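What follows is a set of notes on a single structure, which appears directly below.
Laboratory data are not the source of any read-out in this text; all were calculated from the coordinates shown. Cβ atoms come from the backbone with ideal geometry, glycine included; neighbour counts cover every protein chain shown.
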Amino acid sequence: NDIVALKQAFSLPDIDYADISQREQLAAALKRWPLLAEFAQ
Amino acid sequence: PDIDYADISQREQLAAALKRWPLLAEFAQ
Amino acid sequence: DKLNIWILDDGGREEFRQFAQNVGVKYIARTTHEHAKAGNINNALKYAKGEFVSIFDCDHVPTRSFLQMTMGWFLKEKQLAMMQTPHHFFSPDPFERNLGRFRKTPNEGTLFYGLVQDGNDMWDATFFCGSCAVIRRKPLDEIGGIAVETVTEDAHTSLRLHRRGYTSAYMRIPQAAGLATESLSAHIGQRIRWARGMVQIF
Amino acid sequence: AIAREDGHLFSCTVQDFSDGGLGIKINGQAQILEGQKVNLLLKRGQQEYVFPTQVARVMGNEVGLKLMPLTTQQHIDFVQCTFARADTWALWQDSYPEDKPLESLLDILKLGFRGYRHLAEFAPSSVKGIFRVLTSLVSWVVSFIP
Amino acid sequence: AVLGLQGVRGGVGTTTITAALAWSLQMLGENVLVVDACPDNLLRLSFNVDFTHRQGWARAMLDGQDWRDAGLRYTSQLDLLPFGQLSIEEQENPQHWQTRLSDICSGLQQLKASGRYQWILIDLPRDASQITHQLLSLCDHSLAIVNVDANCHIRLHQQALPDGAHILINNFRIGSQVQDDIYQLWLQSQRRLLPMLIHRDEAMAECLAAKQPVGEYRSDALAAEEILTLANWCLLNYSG
Amino acid sequence: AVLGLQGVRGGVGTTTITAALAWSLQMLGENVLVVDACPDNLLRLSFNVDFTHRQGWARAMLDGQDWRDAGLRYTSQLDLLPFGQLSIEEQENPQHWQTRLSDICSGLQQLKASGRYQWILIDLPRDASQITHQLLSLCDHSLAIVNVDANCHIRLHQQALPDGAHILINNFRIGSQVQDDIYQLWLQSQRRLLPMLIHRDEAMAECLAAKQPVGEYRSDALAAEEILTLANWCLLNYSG
Amino acid sequence: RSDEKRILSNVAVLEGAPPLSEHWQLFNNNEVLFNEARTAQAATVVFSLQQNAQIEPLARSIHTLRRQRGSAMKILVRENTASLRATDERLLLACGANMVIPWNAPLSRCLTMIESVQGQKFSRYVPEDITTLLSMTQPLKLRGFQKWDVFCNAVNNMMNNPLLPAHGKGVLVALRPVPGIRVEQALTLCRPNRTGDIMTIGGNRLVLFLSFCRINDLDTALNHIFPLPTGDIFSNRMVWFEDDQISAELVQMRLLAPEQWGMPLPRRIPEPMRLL
Amino acid sequence: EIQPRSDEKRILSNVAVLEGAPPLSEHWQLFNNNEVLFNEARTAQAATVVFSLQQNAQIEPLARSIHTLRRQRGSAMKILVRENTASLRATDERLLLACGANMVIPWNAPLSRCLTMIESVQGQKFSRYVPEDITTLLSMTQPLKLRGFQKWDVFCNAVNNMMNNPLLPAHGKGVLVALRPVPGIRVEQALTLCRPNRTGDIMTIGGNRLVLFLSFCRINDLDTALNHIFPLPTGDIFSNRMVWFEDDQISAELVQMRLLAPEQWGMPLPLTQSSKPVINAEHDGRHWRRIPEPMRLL
Ligand SMILES: Nc1nc2c(ncn2[C@@H]2O[C@@H]3COP(=O)(O)O[C@H]4[C@@H](O)[C@H](n5cnc6c(=O)[nH]c(N)nc65)O[C@@H]4COP(=O)(O)O[C@H]3[C@H]2O)c(=O)[nH]1
Ligand SMILES: Nc1nc2c(ncn2[C@@H]2O[C@@H]3COP(=O)(O)O[C@H]4[C@@H](O)[C@H](n5cnc6c(=O)[nH]c(N)nc65)O[C@@H]4COP(=O)(O)O[C@H]3[C@H]2O)c(=O)[nH]1
Ligand SMILES: Nc1nc2c(ncn2[C@@H]2O[C@@H]3COP(=O)(O)O[C@H]4[C@@H](O)[C@H](n5cnc6c(=O)[nH]c(N)nc65)O[C@@H]4COP(=O)(O)O[C@H]3[C@H]2O)c(=O)[nH]1
Ligand SMILES: Nc1nc2c(ncn2[C@@H]2O[C@@H]3COP(=O)(O)O[C@H]4[C@@H](O)[C@H](n5cnc6c(=O)[nH]c(N)nc65)O[C@@H]4COP(=O)(O)O[C@H]3[C@H]2O)c(=O)[nH]1
Ligand SMILES: Nc1ncnc2c1ncn2[C@@H]1O[C@H](COP(=O)(O)OP(=O)(O)OP(=O)(O)O)[C@@H](O)[C@H]1O
Ligand SMILES: Nc1ncnc2c1ncn2[C@@H]1O[C@H](COP(=O)(O)OP(=O)(O)OP(=O)(O)O)[C@@H](O)[C@H]1O
Ligand SMILES: [Mg+2]
Ligand SMILES: [Mg+2]
């Protein structure tokens, strides 16, 4: 909620935050567990 | 099932456990 | 894939080498120690291959949003060659620590990094302040790297970039916090170095 | 939140953090002693992270925690949950009180008086001692007679 | 409102969460009636009801009596309606009584219309029987209780949640990599996921052994505070 | 011969224990056939079967086909017979097919008399259905899976286990006081309790996500060793 | 010299694994192994500890081997089951064992450890008298509640013993009960199990001394002692585990006047209703 | 002799060795990493130095630091390595011991057993020989340096060269195992089903017999290696095995193997033939997963 706090504090209404750490963790998880990979795609 | 609650009060640890938790004591009477 | 972290060591310390090996970041320990931090950064540039170079001091910890809050303008202005970010100090400054007013009074440097640099932004005079900054490597290679003449190399290289036609920018949101000077003597010394460098540039 | 070795979890409010410790407040001092290991639960958004800790001080509601030797990933997570949060410094700067010239003058006057009292204890040139003590004496007498 | 709690599988914590939610709702000043629809009849024990107490609405309707006499008064703002004890023959032959319990739906509707109870919580099994479907249809809103594991990940992709039901996570553990991965996937794939989750707390395990709700047994436990958060969310979002 | 594993409560770990026990028995040199009698059809996913593989013995019998063509070979000494994916409508009204699955009893009798399989593990649900009763009737031995908690302690005093069943403990924690009390009480009171128990292991949590049995997923894990001990016990005691 | 490569070992050391080399001899129990090692000079002797009762005869055998045969011989004690305390391990090391291999280490770790001691000589001093080594296993011999003076005297006598490990004699703990329960109730909820554990009450504090307990393994001992979790009974905890700290705390505890001391003292029910 | 031993009781340990526990005595001095600890230990003479190992990348630098400490500060010192989570093979432990470490404490042993092992080494002098050149010790850690299938000639030569290296443990060089396939499948097919992971693992085909040499593998943990480099169920692909784990036995078996006629040697199947798997198993990266296949129950 840090980005939400920043948006509530100092404007920034159009900067869409790309959390690349979450995406990389999700990709590693999908690679690690074939069940999640099967259900996701 | 086979339940043997006879002579259950002859052990100190079991007595303490039955004192702590009313459910086990209720079943053991 | 597009982020390389380098640890530059002028002491040749093996603990830093092992730490870099353990965490997976790069490491450079130059054999000849000349021009101090400017020379270290130039030697690092001699090996690094990236469009942008971001310089961080040892005590300044960046937030995860730093690059996303900074890199937007570099893709919008092709003439931009330097972006600056405020310097925040979570450690109590000598005034704040000694006088007992830490969270009550504002810091000594928050007037500069809160209003003065924002004012310089309009006139395109936001100069490099050492840390919390990004420099495009293509303009920085034309000027011959970080200036090595004065003791305040950041202001000198920013002045050269402005004199070659490139612009500068400033972003107000504090995205990195460092350690303040641990004593009044340290503050006096760092201010003396800054003033000496500025008078040398003048 | 804090996790004990017997499996009980209790809520807490982190009040300060450092490189190797944290300070929390517990409403009622639920269950903690001055050497027990405790797992500390920190949330970055919707994700929760666990950090091993040892209790260093218990003074009622306030508890001091000392971080255990962390791995590299735990170090990264701790930095992302305490230091490298993109809300701490902005709100820190926005929480600075505004400028009140008269209150500022009063504070600076009190600071000068405090500095004089500080020099009323130690003295490089002994002679200055008496003069500083006299100044502080008269100054506090006047302060008592405003 | 009538709220029905169901789990995607047994052992997720639906009965414990039902008792805790009823206690938290009565702690905020809301009159609550808690109804057990699970034939196992385990919800009565969280409210200090004796095991030998065989009285309940299902046993009342299977003996020709009136099911209203089986209610219990735990506090001034909490009433309990046990299912009732079933013999081994009745447990192993569920087809001879599952069609005879349909009278509870009209009674529950009239209890809802009476207005005495501001909340009527129902603990529902997942036996895919007629009574479960009828009572789940009577529910204004419903919660789906899951744990973050592979079993629930498979089940959510192959079984139908109740219409409009929200997913509540119980038994959230510490230091489970697979749990973290599944939760990361659910934060994006699952839209009905509630923002609050219950943790794996020893207080929840001990509350049933002490025959008390977790809020009554241990008010400083994290599970009790999270159930209080759930109760506040239900007040703000499931009011009508 | 025929060993039916049934859980006193859902979520105890019957499916994962069944898959692990089959793997250990086939590692000991026994020909093993696993039958998934639970309609949820989750045992197949522990043997790397695709989620889109709808075939099974139950689906074949419902569609009128032959259930013998619904078998899957995992290793040379381990065979799998999935239940098969039922549609949503079939799950909503289980009474439309529960009486149409009687020939599986005769088929399992034929397989038992064939001698091709030395062990036939059956993963049974807990729904008091007629098919589950028949499958339990044809089972030579039974294993009741419990967790050390208040719920299973209550259930062991109010629901009838299959005759001759031995109780197996799963999800055993470290440093849980109420669990220790219940476990000591069971040691001094439960005559059918097996001397072996399985501790909560992250390997058992990750095996289903990796779509492998725990012995195949991680043979060095403690749960794998405990399952091997249980397999040795079954070979020494349940062989005849 | 001649039998340096030789490894005389018990059968149970290898959990069914074949003799790893030509230089291995496997024996049934640690008695024939002792007799065969008596003839050996620089071999490696790997004992095995199955049960607790074997420690004293094993200590005697190790003492005899390290006395009659010099520092060339390598003596290892491979523990196969959790049947050993820290004090027993110290005794075995003192009697002449190079090192004791824990049961946590699997076979491969044990074999690497056996390789570790090669080429090493036992330079530590082994006393001629064996009884003075066994006397160090348990020097207190006093259990349960003791009065303030008796407790202080016993702990002080233990601290002044020269034949005890430095800074590892025990742990002194002062427990302050939470408000609402007295110290006598805390004393009632306190059942030490070992012989060297003593407890006392004075000045709204419950003071424990756990013999040979280490500071790290203090919560485990307290969990064994108390029936309820430690943390719902007490508010604060003070610990002294170093000799100087324990002595200072004892000399600060003797200046407590009597009449401040202590001695042991000689749910909602739902009601039926009709719903309407 | 480094005659003076004034710090015989000082314990210089990495902060990670004490897993948050307070220093036991006034003699314990903690250090953040194993580089400040090495700097302080370069001045000690009889202290116990406890290093902490948490990654495999810091084994060679730790070996070099231990070597320098042992070759400069004499035999009175006590160097201990405390493995914390998992970082070591047997060969790495042998390298650390040969560099000058007194004892390597496994991660399985808890903290209390670690402390007792620390106190077990007191008063002891390191009497083993530490060579001046560290490169020889570092080369001893991997003497084969070729992975996968090899020709019968190359396999025999490599194994014999390993067995003839004097700077290696006796009867600890590796395991030579010959696998006879199940009658339903051939030997090249069995070759397709084996995926060695470590550098020193090699294999070859000849005379209807698959032979494997697993470098630095003990006999007691041969099944673990086979399970790692084959579809877990061994026995569905091989009938019986013959194992040689001693230098004389391995040499005699190699001599017997050299007598095989060249016409009975094997070659890997061409990559085009690698279309249908021999059995129902797939190698998705570095693991074997068995794919269920349809069958008819009888
Ligand atoms: N004063 C005191 N200290 C205590 C007590 N219980 C535990 N400790 C301390 O805690 C350490 C760990 O013991 P553990 O985890 O129970 O693990 C123990 C336990 O599994 C076993 N053990 C030792 N003595 C006995 C015994 O009399 N009975 C049983 N059943 N096991 C024992 O040996 C392990 C190692 O114990 P230690 O090396 O002695 O190291 C012990 C000791 O320092 C206690 O009642 N009094
Ligand atoms: N889990 C655990 N329990 C502990 C520990 N220390 C003591 N106990 C408990 O306390 C009981 C009495 O131990 P004790 O008075 O020291 O008297 C003990 C002691 O003198 C001796 N003993 C048993 N095991 C060991 C051992 O591993 N080492 C030594 N040195 N003595 C042992 O046998 C007596 C009877 O012991 P038990 O029948 O086992 O019964 C033990 C055991 O249940 C510990 O560290 N861990
Ligand atoms: N040639 C060969 N031998 C094999 C192989 N797999 C297992 N072994 C043998 O089996 C022993 C036990 O390994 P583990 O049970 O997997 O338990 C292993 C494992 O947990 C870990 N380990 C060692 N090396 C590695 C590695 O490269 N990667 C990982 N992830 N773990 C490793 O250390 C433990 C001890 O291993 P070691 O001391 O090396 O001792 C190893 C080794 O002698 C293999 O693919 N090739
Ligand atoms: N469980 C287990 N797996 C084993 C073992 N030996 C090999 N493997 C597997 O083989 C892979 C390749 O290891 P490598 O080629 O020796 O190359 C290895 C090796 O050079 C190094 N490494 C990792 N752990 C250790 C270790 O404990 N000791 C040493 N000396 N190297 C290690 O990292 C490389 C990559 O290893 P991973 O990514 O883990 O991936 C490892 C691991 O999955 C073993 O004994 N146990
Ligand atoms: N958050 C929790 N933390 C720890 N234990 C819990 C938690 N929630 C529930 N439990 C324990 O889980 C066990 C089973 O849960 P519960 O009694 O609620 O059954 P259920 O799954 O709702 O119903 P059923 O078992 O009839 O399908 C109980 O012993 C309970 O104490
Ligand atoms: N010993 C264990 N340690 C950790 N996780 C376990 C253990 N046993 C089972 N689990 C996990 O519990 C979850 C559910 O177990 P499982 O599906 O085997 O239960 P079940 O009784 O078959 O449930 P269902 O009623 O859905 O059929 C899985 O994610 C599994 O990995
Ligand atoms: Mg229930
Ligand atoms: Mg199941």
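Counting neighbouring Cβ atoms within 10 Å and putting the fewest first, the residues E:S219, F:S46, C:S183 line up as C:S183, E:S219, F:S46. Rg/Rh for the stretch C:30-133 to two decimals, with Rh computed the Kirkwood way over all alpha-carbon pairs. Using only Cα positions, Rg/Rh for the stretch C:30-133 is 1.02. Angle, helix H:111-120 long axis vs. longest principal axis of chain H, Cα atoms, 0 to 90°, nearest 10? Compared with the principal axis, the helix lies near 70 degrees. The residues neighbouring C:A36, those whose beta-carbon lies less than 14 Å from its own, together hold a net charge of -3 under the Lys/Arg +1, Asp/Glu -1 convention.
Legend: residue pairs A:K31/H:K151; F:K211/H:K151; H:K125/H:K145; G:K141/G:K169; G:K74/G:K141, Cα-Cα distance threshold 25 Å; pairs beyond threshold, A:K31/H:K151; F:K211/H:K151; H:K125/H:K145; G:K74/G:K141.
Distance between the C-alpha centres of the stretch E:1-73 and the stretch H:13-72: 61 Å, rounded to the whole angstrom.
Taking every DSSP bridge with both residues inside chain F, close to 10 percent are antiparallel. Selection among H:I205, H:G184, H:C194 by position relative to the dipole of chain H gives H:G184 as farthest towards the positive end (Cβ unit charges, Cα centre). Residue farthest toward the positive end of the dipole of the protein assembly as shown, with Cβ of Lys/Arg at +1 and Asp/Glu at -1: which of H:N164, E:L121, F:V148? After comparing all options, I get H:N164.
Distances, shortest first, from the label point of F:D180 to those at the same position in the other copies read 3.0 nm; the point lies 7 Å along Cα to C-beta. Over all directions, the average projected area of the alpha-carbon convex hull for chain C comes to how many nm²? Approximately 12.3 nm², given one-decimal rounding.
Starting from the Cα gyration tensor of the stretch F:68-142, multiply each eigenvalue by 5, take the square root, and state the resulting semi-axes largest first in whole Å.
On the way: eigenvalues 110, 51, 25 Å².
Over the Cα atoms of the stretch F:68-142, the semi-axes work out to 23, 16, 11 Å.
With q set to 0.12, 0.15, 0.18 Å⁻¹, the log10 of I(q)/I(0) for chain F, from the Debye formula over equal scatterers at the Cα positions, is -0.66, -1.04, -1.48. The Cα-based radius of gyration and maximum Cα-Cα distance (Dmax) for the stretch H:34-73 are 10.0, 28 Å. Dipole magnitude for the protein assembly as shown: computed about the Cα centre from +1 point charges on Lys and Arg Cβ and -1 point charges on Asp and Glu Cβ, it is near 3060 debye. Of the DSSP H helices in chain D, those that are both long (alpha-carbon extent of 18 Å or more along the helix axis) and hydrophobic (Kyte-Doolittle mean at least 0.0) are D:101-119, D:126-143. Remark: spin-label model distance F:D163-H:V187 equals 5.9 nm, labels positioned 7 Å along the Cα→Cβ axis. What the Cα convex hull of chain D gives, in volume per residue, is 215 Å³.
The C-alpha atoms of chain H define a longest principal axis, and helix H:152-163 lies at about 20 degrees to it. Please work out whether the stretch H:28-183 counts as rounded, prolate or oblate from its C-alpha gyration tensor, where a ≥ b ≥ c are the square roots of the eigenvalues and a/c under 1.5 means rounded, while otherwise a/b larger than b/c means prolate and anything else oblate? Verdict is prolate for the stretch H:28-183. Using only the C-alpha atoms, the convex hull of chain A corresponds to 87 Å³ per residue. Put a plus charge on the Cβ of each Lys and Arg, a minus charge on the Cβ of each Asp and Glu, and nothing anywhere else: the dipole of chain G about its Cα centre is then about 200 debye. For q = 0.04, 0.07, 0.09 Å⁻¹, what log10 I(q)/I(0) does the protein assembly as shown give under the Debye formula with an equal point scatterer on each alpha carbon and no solvent? With one equal scatterer per Cα and no solvent, log10 I(q)/I(0) is -0.32, -1.04, -1.60.
Tell me whether the stretch H:182-261 comes out rounded, prolate or oblate; compute the Cα gyration tensor, take square roots of the eigenvalues as a ≥ b ≥ c, and use a/c under 1.5 as the rounded threshold. Cα axes put the stretch H:182-261 in the oblate bin.
Considering all different alpha carbon pairs of the stretch H:237-298, the Kirkwood hydrodynamic radius works out to 16.2 Å.
For the protein assembly as shown, the share of DSSP beta bridges that are antiparallel, to the nearest 5, is 50%. Label-to-label distance, C:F112 versus E:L187, with points set 7 angstrom from Cα along the beta-carbon direction: 3.8 nm. F:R126 sits among other residues whose Cβ lies under 13 Å from its own Cβ, and their net charge, with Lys and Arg +1 and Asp and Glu -1, is -2. Counting Cβ atoms of other protein chains within 10 Å of each Cβ in E:55-65 and taking the mean gives 0. Using bins of 5 Å that start at zero, the share of Cα-Cα pairs per bin across the stretch H:104-239 amounts to 2, 8, 15, 16, 15, 13, 10, 8, 6, 4, 2, 1, 0, in whole %. Bridging of C:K76 to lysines at a Cα separation below 23 Å is possible for A:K7, C:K2, C:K49, C:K138, once same-chain residues fewer than 8 apart are set aside. About its Cα centre, the stretch E:2-238 has a charge dipole of approximately 340 debye under the convention of +1 per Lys or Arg Cβ and -1 per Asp or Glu Cβ, with nothing else charged. Quick check: net charge around F:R191, other residues with Cβ under 9 Å of its Cβ, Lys/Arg +1 and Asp/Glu -1? Summing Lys/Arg as +1 and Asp/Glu as -1 gives -1. Only alpha carbons enter this Debye calculation for chain G, each as an equal point scatterer, and the log10 of I(q)/I(0) it gives at q = 0.09, 0.11, 0.15 Å⁻¹ is -0.57, -0.74, -1.04.
Below 8 Å, C-alpha to C-alpha, sequence gap of six or more: please give me the relative contact order for chain F in percent. Numbers along the way, then the final one.
Values: 407 pairs, mean separation 68.8, N = 240.
Averaging sequence separation for qualifying contacts and normalising by length gives 29 percent for chain F.
Please give the direction-averaged projected area of the C-alpha convex hull for the stretch E:24-123, in square nanometres with one decimal. Before the final figure, lay out each step's value.
Values: hull surface 25.4 nm².
So the mean shadow area of the Cα hull is 6.4 nm².
Taking label points 7 Å from Cα along the Cα-to-Cβ direction, G:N223 and H:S75 give a separation of 4.6 nm.
DSSP bridge analysis restricted to chain H gives an antiparallel fraction near 50%, rounded to the nearest 5.
When the alpha-carbon atoms of the stretch E:145-240 are used, the pair Rg, Dmax equals 14.5, 39 angstrom. The residue list A:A18, A:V4, A:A28 was ranked by how far each Cα lies along the charge dipole of chain A toward its positive end, using unit charges on Cβ atoms, and A:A28 comes out on top.
Shortest first and in nm with one decimal, please list how far the E:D140 label point sits from its counterparts in the other copies (point 7 Å along Cα→Cβ). Those label-point separations list as 5.8 nm. With its label point defined 7 Å out from Cα along the Cα-to-Cβ axis, F:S102 lies at 2.6 nm from the matching points of the other copies, in increasing order.
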